[PDB]
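Here's the structure, in structure tokens; my notes come after.
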Amino acid sequence: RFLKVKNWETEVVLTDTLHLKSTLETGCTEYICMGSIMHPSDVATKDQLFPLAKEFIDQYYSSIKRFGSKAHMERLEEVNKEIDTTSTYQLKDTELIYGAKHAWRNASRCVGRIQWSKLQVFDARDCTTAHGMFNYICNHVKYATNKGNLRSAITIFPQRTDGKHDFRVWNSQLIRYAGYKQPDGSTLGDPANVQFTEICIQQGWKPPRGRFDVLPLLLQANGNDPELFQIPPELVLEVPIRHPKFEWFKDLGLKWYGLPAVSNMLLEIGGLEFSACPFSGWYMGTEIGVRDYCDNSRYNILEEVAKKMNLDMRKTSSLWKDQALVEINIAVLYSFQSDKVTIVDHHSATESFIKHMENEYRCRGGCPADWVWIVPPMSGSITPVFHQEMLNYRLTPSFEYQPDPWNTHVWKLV
Amino acid sequence: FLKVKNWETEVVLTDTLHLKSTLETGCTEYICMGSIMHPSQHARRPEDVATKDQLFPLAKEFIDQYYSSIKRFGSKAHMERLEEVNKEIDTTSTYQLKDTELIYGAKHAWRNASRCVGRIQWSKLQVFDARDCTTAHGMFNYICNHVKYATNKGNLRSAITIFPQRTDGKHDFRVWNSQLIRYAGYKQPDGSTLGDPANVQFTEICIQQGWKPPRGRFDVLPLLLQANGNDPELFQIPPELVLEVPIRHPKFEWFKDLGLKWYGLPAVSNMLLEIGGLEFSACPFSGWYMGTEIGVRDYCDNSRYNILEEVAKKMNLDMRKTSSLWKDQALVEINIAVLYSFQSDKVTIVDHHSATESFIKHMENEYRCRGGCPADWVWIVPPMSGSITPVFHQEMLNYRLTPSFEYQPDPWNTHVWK
Ligand code: HEM
Ligand code: HEM
Ligand SMILES: C[C@H](O)[C@H](O)[C@H]1CNc2nc(N)[nH]c(=O)c2N1
Ligand SMILES: C[C@H](O)[C@H](O)[C@H]1CNc2nc(N)[nH]c(=O)c2N1
Ligand SMILES: Cc1cc(N)nc(C#CCCN(C)C)c1
Ligand SMILES: Cc1cc(N)nc(C#CCCN(C)C)c1
Ligand SMILES: [Zn+2]
């Protein structure tokens with residue numbers, strides 16, 4: 001069977017056969033589509049693990065043109081021995097690298113996948129303590145930041161065993177700003193991070209109580225209670241936000257960090273679960289300029305910017321929000337570019353994604369893609385992805401959501 | 001039960017209405033087709049005249065639903081209605097809707113249109129019964145009256161005009177236009193396109209049928225009307241019925257010199273209305289515009305009027321690199337102009353902020369009284385400034401309820417001319 005997707009702007013038609021490989025659920029049924037649901041839906045037994053491991057090893061050996069080889073058959077036997085004797089197995093370094101890259105390649109919500117095969121993989125599977133995790137994360141941050149010439153990277157900590165000894169980065173990204181709820185109901189800093197900021201303070205973090213306090217790392221090794229660490233400030237690259245035409249913009253006192261580094265997701269390779277696997281790339285401008293700054297639940301700067309622009313804010317049909325949103329996103333891109341910190345605008349990013357998508361259909365037979373996430377949060381239809389039909393399905397290896405660790409961790413101290 | 005969450009407000013709604021869905025969405029538990037324009041060809045009855053065991057179950061379903069809606073399930077009139085429909089199908093292979101059933105069905109087709117952000121208005125719909133129509137001349141009369149009623153000197157009113165249902169498939173009534181009012185598009189000698197590129201094919205059919213094109217950038221197309229399966233016939237809508245808005249900007253005095261206009265009445269005329277297994281292949285319906293339909297899609301799509309270049313030039317933006325966001329900046333100004341122009345001429349229009357806010361309210365009303373609201377996020381979220389509208393942050397369930405509006409093939413792909 002084949003499925004066709006059409007681009008309604010160019011009339012190009014692509015043919016998807018890769019979906020026949022899909023594994024788990026989208027969340028939809030034959031009679032209901034759940035494509036706009038954010039999250040649609042203890043450890044694997046021996047019997048469950050065998051077929052998952054085989055499927056991954058088969059696809060690895062097919063990727064390197066050695067399917068059926070003596071080395072292929074011996075690896076399968078070796079993996080089977082380990083599962084039989086230990087209820088788990090260990091990836092070779094080559095398989096871990098291949099698996100991490102393909103989880104990125106398979107991330108249907110990521111528009112930056114043209115870069116998927118250029119991913120620096122740091123193997124941290126020998127780590128045993130939160131101090132060791134801190135060291136690996138500092139090295140990742142330094143390598144990835146690269147004085148502003150950002151490089152994609154992932155660091156992979158030891159895989160889940162019985163579920164009682166999980167490695168976890170409690171942060172949602174390696175670098176984020178604190179949020180503080182005030183007595184009068186206002187919020188200082190980033191409202192998204194209020195809860196995690198409270199956990200840090202409880203663990204003994206002494207907060208500066210400013211608007212852009214870089215949060216400490218809260219690291220959990222081997223299922224133990226998590227521990228606090230301060231990222232050395234010289235490793236945290238930041239960009240002050242100014243505007244090429246409005247001299248007053250710099251007086252808003254805005255800044256942002258250069259390195260987007262997701263740390264709360266789970267990486268699944270051949271049935272193995274890597275619950276701590278922070279990965280980083282570089283920003284698309286709208287992530288900061290539209291969501292971080294202008295979401296009503298975030299820094300929410302539209303009103304203040306529109307004021308300094310002298311816009312008519314009495315009626316929505318003046319489009320004062322739309323006008324202010326564009327200028328903010330102009331400022332974000334100008335600031336990063338002026339400081340020579342890698343960033344991509346949404347027009348360039350979506351154009352590259354269409355090229356990537358077409359290449360993937362030709363060389364791989366498809367490209368799972370989540371239109372709801374791929375289309376940027378402003379100016380949707382003037383980007384090419386808006387007009388591109390897409391098919392969403394789940395391939396493995398994959399990145400997955402997982403529960404926040406404070407909702408499941410059972411504490412040990414006192 | 002299925003829950004939907006709003007991630008801005010944390011409101012959670014519980015959906016039971018989806019249990020009443022009839023047609024496949026196209027998705028499976030392994031693949032999602034939510035961004036496919038036409039994901040499914042699952043229809044309720046086969047291509048042409050059904051047999052009795054194919055049509056009667058669908059009729060019984062709709063009549064049951066209608067009499068349930070008015071608290072008369074099993075009533076004397078309900079059971080007679082069923083026997084009446086059974087005899088009609090028995091003797092004519094079809095059946096006829098009562099006036100009240102037709103009105104209920106049209107309003108519910110709008111209420112069930114998951115892609116429409118305007119549905120808070122669904123019960124305020126004027127229904128023109130045109131099922132006595134027999135000729136293209138009669139269709140033109142009915143359409144002129146619809147347009148005049150719906151335009152209402154700029155205080156627009158939602159309406160639908162319903163022509164005779166399909167019988168055997170060779171006597172279809174069709175409006176060949178895709179909307180009652182659109183602009184012509186012309187292929188130029190050098191290869192470019194003048195006017196609206198979306199309508200180049202339809203324009204050529206009209207010229208081929210004897211229409212004399214003025215060959216401008218905003219030539220209102222004639223109507224091409226097909227009655228009872230006969231060859232279609234051309235008619236010129238009287239221009240005093242065609243309300244148009246010249247586009248200007250509240251700050252940029254040069255904007256008027258771009259010479260842009262648009263029409264006030266959005267009037268979809270190429271969809272199919274399905275009620276109880278009956279197919280109304282000509283059912284033009286109209287409401288009023290959301291500004292972004294004109295200012296974002298009609299004006300700024302690359303394969304439409306494609307005016308971003310022109311506007312940005314006049315604005316003296318840096319068009320050297322995408323990252324100056326000159327396209328985004330011009331886009332906003334164009335949409336300010338469109339809203340300001342319609343509002344200045346007292347022609348009904350809604351901005352995407354007010355429309356999406358109304359739809360969230362509609363969603364809450366529908367979950368409270370009906371147990372659900374089918375909604376297509378891909379279509380509901382406006383094509384600019386998505387995440388600063390509330391629907392961006394609203395999870396939605398999409399499912400197919402009947403009565404409904406459906407796509408149908410373009411008639412020049414199937415008509416054998418006489
Ligand atoms: C190299 C430059 C990259 C760019 C420009 C980019 C861009 C993006 C953007 C704009 C999003 C949506 C983010 C949001 O709205 O919250 C996203 C999501 C995502 N990215 Fe990428 N990305 C890049 C690299 C990577 C890398 C290196 C990985 C992993 C190895 C990755 C994996 C993902 C995943 C799994 C998601 C979905 C997250 C979720 O579901 O919440 N990306 N990306
Ligand atoms: C009264 C004001 C209305 C507003 C503001 C409105 C708004 C919209 C918008 C913006 C779209 C997306 C159109 C596109 O992107 O091409 C749409 C789609 C749609 N509307 Fe409404 N609408 C209104 C009235 C109506 C009425 C009266 C009906 C039928 C009786 C209707 C039925 C539909 C249908 C079926 C679609 C989907 C069309 C498709 O799939 O191509 N709408 N509406
Ligand atoms: C409800 C909806 O699914 C949700 O708001 C999504 C929409 N699309 C998105 N797209 C991206 N890139 N990031 C997001 O957080 C979201 N949020
Ligand atoms: C491929 C994609 O589904 C297609 O471009 C859709 C996206 N969303 C849309 N939304 C609306 N309202 N109208 C449209 O025409 C489209 N086009
Ligand atoms: C590597 C990367 C680059 C980028 N530009 N963006 C992201 C992201 C995200 C969202 C993560 N999600 C858990 C909220 C990730
Ligand atoms: C009544 C109505 C009002 C409005 N504001 N918009 C539309 C539309 C549309 C698109 C239909 N589709 C076949 C392309 C329809
Ligand atoms: Zn779906």
Side-chain angles (χ1 to χ4, degrees), chain A residues 34-40 104 107 109-112 115 119 144 150 152-154 172-173 192 259-265 278-288 290-291 295 343-344 349 370-377 381 399 401, chain B residues 4-8 37-38 106-107 109-122 124-127 150 156-160 178-179 266-268 270-271 273 283-293 296-298 348-350 352 354-355 358-359 376-377 379-383 386-387 391-396 404-407:
Chain A
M34 306 211 328
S36 72
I37 303 295
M38 180 95 57
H39 308 280
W104 186 7
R109 293 180 167 178
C110 174
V111 69
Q115 290 285 335
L119 175 67
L150 310 184
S152 298
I154 179 164
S172 60
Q173 304 173 32
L259 184 70
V262 169
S263 55
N264 56 359
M265 289 187 88
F279 57 85
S280 62
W282 53 80
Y283 267 116
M284 186 168 78
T286 53
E287 295 179 85
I288 309 164
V290 185
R291 304 303 306 287
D295 274 12
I343 196 170
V344 67
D370 185 338
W371 193 101
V372 169
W373 275 64
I374 293 291
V375 173
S381 74
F399 290 110
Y401 296 138
Chain B
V4 298
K5 173 166 172 189
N6 185 292
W7 289 89
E8 199 180 352
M37 174 84 49
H38 315 290
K107 288 182 177 183
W110 185 10
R111 193 193 192 173
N112 294 342
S114 63
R115 291 179 167 170
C116 178
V117 75
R119 284 177 288 168
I120 199 169
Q121 295 281 329
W122 73 267
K124 274 208 51 172
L125 174 71
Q126 184 61 35
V127 181
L156 309 187
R157 298 183 283 202
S158 304
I160 182 166
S178 49
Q179 291 172 45
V268 173
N270 62 354
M271 289 188 86
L273 167 58
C283 57
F285 58 87
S286 63
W288 53 79
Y289 265 118
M290 184 166 79
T292 49
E293 301 177 79
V296 182
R297 306 300 312 284
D298 292 330
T348 309
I349 193 165
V350 59
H352 50 286
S354 297
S358 295
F359 182 78
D376 184 340
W377 194 100
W379 276 67
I380 293 300
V381 174
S387 71
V391 289
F392 179 96
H393 308 269
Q394 179 66 58
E395 298 182 339
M396 296 165 190
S404 65
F405 293 108
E406 303 289 343
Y407 302 121

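Worth knowing before you read on, the calculation uses all heavy atoms, side chains too, and leaves out hydrogens, waters and symmetry mates. Atoms within each ligand, like the ligands themselves, are counted from 1 in listed order. In what follows, chains are A, B, ... by sequence order, proteins preceding strands, each numbered from 1.
Shown here, atom 14 (C) of ligand 5 is out of close reach of the protein: none of its heavy atoms lies under 4.0 Å off. Under the 4.0 Å distance rule, the nearest protein heavy atom to atom 5 (N) of ligand 5 falls inside the cut-off.
Here is the list of ligand 5 atoms found below 4.0 Å of a heavy atom in A/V262: 8 (C), 9 (C), 11 (C), 15 (C). Of all atoms in ligand 5, listed by their number and element, those nearer than 4.0 Å to a heavy atom of A/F279 are 1 (C). Interface of A/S280 with ligand 5, defined as ligand atoms under 4.0 Å from a residue heavy atom, comprises 1 (C). Taking a cut-off of under 4.0 Å to the non-hydrogen atoms of A/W282, the atoms of ligand 5 that pass are 3 (C), 4 (C), 5 (N). Applying the 4.0 Å criterion to heavy atoms of A/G281 picks out, from ligand 5, the atoms 1 (C).
Proximity of A/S152 to A/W104: side-chain heavy atoms (C-beta onward) are separated by under 4.5 Å at one or more points.
To the nearest 0.5 angstrom, B/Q126 atom CD is 8.0 Å from B/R157 atom CZ. Summarising the geometry, atom CZ belonging to A/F279 is positioned 5.5 Å from atom CE belonging to A/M265; distances are rounded to the nearest 0.5 Å. The CE atom of A/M34 sits 15.5 Å away from atom CH2 of B/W377, with the distance rounded to the nearest 0.5 Å. Taking CZ from B/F392 and CZ from A/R291, the interatomic distance works out to 4.5 Å, rounded to the nearest 0.5 Å.
At a 3.5 angstrom cut-off on N or O pairs, A/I37 does not count as close to ligand 3. Note: an N/O pair closer than 3.5 Å links A/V372 and ligand 3 by distance alone. Between B/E395 and ligand 3, not a single N/O pair is under 3.5 Å apart. Residue B/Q394 places no N or O, backbone or side chain, under 3.5 Å from any N or O of ligand 3. Note: no N/O pair closer than 3.5 Å links A/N264 and ligand 5 by distance alone. Polar contact check, A/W373 against ligand 3: a nitrogen or oxygen pair lies under 3.5 Å apart. Considering both main-chain and side-chain atoms, A/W373 never comes within under 3.5 Å of ligand 5 through any nitrogen or oxygen pair.
With respect to atom 2 (C) of ligand 3, the closest heavy atom belonging to the protein is B/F392 O, 3.4 Å. Of all protein heavy atoms, the one lying nearest to atom 3 (O) of ligand 3 is A/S36 O, 2.8 Å. In this structure, atom 15 (O) of ligand 3 lies nearest to the protein heavy atom A/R291 NH1, 3.2 Å.
Between B/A106 and B/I160, the closest heavy-atom pair is CB-CG2, 4.2 Å. Closest heavy-atom contact between B/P266 and B/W288: CG-C, 3.6 Å. A/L150 approaches A/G281 most closely through the heavy-atom pair CD1-O, 3.8 Å. Taking all atoms of both residues into account, the shortest heavy-atom contact from A/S381 to B/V296 is OG-CG1, 3.0 Å. Scanning both residues, B/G386 and B/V381, for their nearest heavy atoms gives CA-CG1, 4.0 Å. Scanning both residues, B/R119 and B/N112, for their nearest heavy atoms gives NH1-C, 4.2 Å.
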Quick one: table the atom pairs, ligand 2 N or O against protein N or O, below 3.5 Å, distance rounded to 0.1 Å.
unit_1: ligand 2; atom_1: 40 (O); unit_2: B/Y407; atom_2: OH; d: 2.4
unit_1: ligand 2; atom_1: 41 (O); unit_2: B/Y407; atom_2: OH; d: 3.0
unit_1: ligand 2; atom_1: 42 (N); unit_2: B/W110; atom_2: NE1; d: 3.4

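The backbone N or O of B/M396 sits less than 3.5 Å from a side-chain atom of A/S36, completing a donor-acceptor pair. The main-chain N or O of B/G118 is never found under 3.5 Å from a side-chain atom of B/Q121 such that the two would form a donor-acceptor pair.
Counting heavy atoms closer than 4.0 Å to ligand 5, residue A/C110 contributes nothing at all. Residue contacts with ligand 3 for B/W377 involve side-chain atoms from C-beta outward but no N, CA, C or O (heavy atoms, distance under 4.0 Å).
Using a 3.5 Å distance cut-off with no hydrogens or angles, the side chains of B/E395 and B/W7 do pair a donor with an acceptor.
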